[PDB]
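In what follows, a single structure is set out as structure tokens and then discussed.
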RNA sequence: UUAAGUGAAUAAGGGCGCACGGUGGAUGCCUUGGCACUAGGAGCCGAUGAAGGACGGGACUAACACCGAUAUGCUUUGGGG
């Protein structure tokens, strides 16, 4: 879904990176204490972070 | 009845033949891996950090294969359904 990450600016990029890293922290705390019905969301967040970082590399030459 | 004479059978265990089992992995058939070559490519990598490794990445992950904090994967151009 890079078609939306290419509809933004390099400031909102770093903003959503902050948000997703925080989401990963909270997911990682759910999985340990006996919660988190939907365990497939940990991979999804990793991959959205990967996408933002590649797209930011591409545009700054 | 008494004398003189002749005397089988009976296996604690063993042998030979036969019948059925147990152990053990020979023989037959088979291939997932090898051996000797032919024709074609290629004949170097490295301070822009190598060859080879250590430690990590999975919902559960001891091991092997893959990958490197963007970690069981990210973008892009083509194929395929």
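Residue numbers (the entry's author numbering): 2 to 62. Cβ atoms here follow ideal geometry from the backbone N, Cα and C, with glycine treated the same way.
Asked, Found
"Do residue 21 and residue 43 come within 7 Å of each other at the CB atom, strictly closer than that value?", "no"
"Compute the beta-carbon to beta-carbon distance between residue 52 and residue 6, rounded to the nearest angstrom, for a pair I have assumed lies under 8 Å.", "6 Å"
"For the candidate residues 33, 11 and 41, whose alpha-carbon lies nearest to that of residue 58?", "11"
"If you check the beta carbons only, do residue 25 and residue 31 fall under 7 Å apart?", "no"
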